[PDB]
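There is one chain below, alone, in structure tokens, taken in the form solved without ligand XCG.
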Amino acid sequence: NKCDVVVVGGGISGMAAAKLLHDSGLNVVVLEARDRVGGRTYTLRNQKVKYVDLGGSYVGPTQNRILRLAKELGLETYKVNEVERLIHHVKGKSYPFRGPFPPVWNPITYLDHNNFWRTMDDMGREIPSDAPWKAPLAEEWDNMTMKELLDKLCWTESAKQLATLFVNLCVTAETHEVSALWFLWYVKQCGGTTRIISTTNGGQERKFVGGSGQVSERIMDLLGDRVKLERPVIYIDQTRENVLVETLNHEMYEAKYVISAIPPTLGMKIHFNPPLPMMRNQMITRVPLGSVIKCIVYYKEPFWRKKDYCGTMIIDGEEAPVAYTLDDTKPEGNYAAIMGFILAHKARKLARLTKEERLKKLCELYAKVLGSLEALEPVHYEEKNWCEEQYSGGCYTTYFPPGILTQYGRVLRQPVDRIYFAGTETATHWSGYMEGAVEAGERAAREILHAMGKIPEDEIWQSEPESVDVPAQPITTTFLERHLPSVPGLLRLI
């Protein structure tokens, strides 16, 4: 029944919000639709895998909030294996390489690739993290898709194909599905192209020992019976003195404030009284989540290491079910595994297959790319198709189709009377990630503390000290990378 704040959703964002409010002495209730916490994180345990992250997994430098929260809850990280060579598989052939970026040898192609990434970061510098619609060319960039931008910028097919893979991997969506403004914001707010795409010194550097699901689980442990599982919220009524929140299983909660910690579009599953303001009413129909199947194939040994491959594969082309992999072997060297993503349209295309059929396709692909018959001998397989989840809508996160961010972006985290908005989609740094979930949950909690007159306005948004365990190395460029001409630039010199 009665409390200070009802938090809708027990993912990392809702849990982080509820923990902050609880720690500040307020009575909080978390209403969670599923029979588990964690949301877009989910750690499965069984004897064959020990544990495996089937949802969000990776953390890395500059993600100081999730690192701090997890540390406080008693979690540790380990490094994703990147000791040996990465592979870029293109036109049916594997090209091993060292460093974060696949080498390009044709000189014109080199200029084209160099210019593309440079231009993405250059454009990002004009986009405010907290207000992408305030970019000088916001409308121009929002009114084109990433496909149109790539078509404009890439003078080579090589660059266009790799840029396409990059978009598909970062946002689990096709280049033609997403706004260029939104995508450029998305990369910039993760620290740029190098930071978002890198394992060492980037977003994929580390995983949590025992799984990321432990973040939400351990906060649920702290909160005890304040977390109500299998309580999908169906109705929020703000017409009276206290806010009334009703669940599907016919319970009523009464609170001073509510935090909505669910993906924006999942606000549609709640009937509002009074109705939402027009802009939010339409916004929540305009913001889908991406499409992905996360697939983990287990082997007797991390056999790829013997061939001086780390397990990272960047696989171009329509035929390959999986465009990107990482080594998912445990820090101890056992439960050898390759994690791969079936991205965007391929998640839709291949969802029809059986689990065994997807396993066979992945093993055959890996055998080709790793040049090893050992890939054909899996000992176990786990997968999760996030497209099927009623209470997620997809993964990793919400994307904005052309025209939406400039028209509706302003209302994403605008309070609606006594409802405040958390969820990783409302973050300004690593929005889309567990890091963003923490930022947004804690910010939304502090908005309520401010509304209650408990903290001053300047304490709503709080900086985070850098992790001592996961220090960030700066991203650097060389003189040549900065100054080499684009393809049209070299043509203009002729």
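Sequential numbering from 1, following the sequence displayed.
Below, we turn to the form solved in complex with ligand XCG, even though it does not appear here.
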Which of 249-257, 375-383, 70-78, 96-104 has heavy atoms within 4.5 Å of ligand XCG in the entry with it bound? 96-104
Quick one: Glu82, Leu165 and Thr199 and ligand XCG in the entry with it bound, is every residue within 4.5 Å by at least one heavy atom? yes
Contact with ligand XCG in the entry with it bound for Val416, defined as at least one heavy atom pair within 4.5 Å: yes or no? no
Heavy atom of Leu169 within 4.5 Å of ligand XCG in the entry with it bound: yes
Can you check whether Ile314 is within 4.5 Å of ligand XCG in the entry with it bound, heavy atom basis? yes
Could you tell me if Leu111 has a non-hydrogen atom within 4.5 Å of ligand XCG in the entry with it bound? no
Picking from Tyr408, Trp141, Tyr299, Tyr324, the single residue whose non-hydrogen atoms come within 4.5 angstroms of ligand XCG in the entry with it bound is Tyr324
So which of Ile127, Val243, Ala347, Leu86 gets a non-hydrogen atom within 4.5 Å of ligand XCG in the entry with it bound? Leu86
For the heavy atom contacts within 4.5 Å of ligand XCG in the entry with it bound, list the residues of 111-131 involved, in sequence order. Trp117
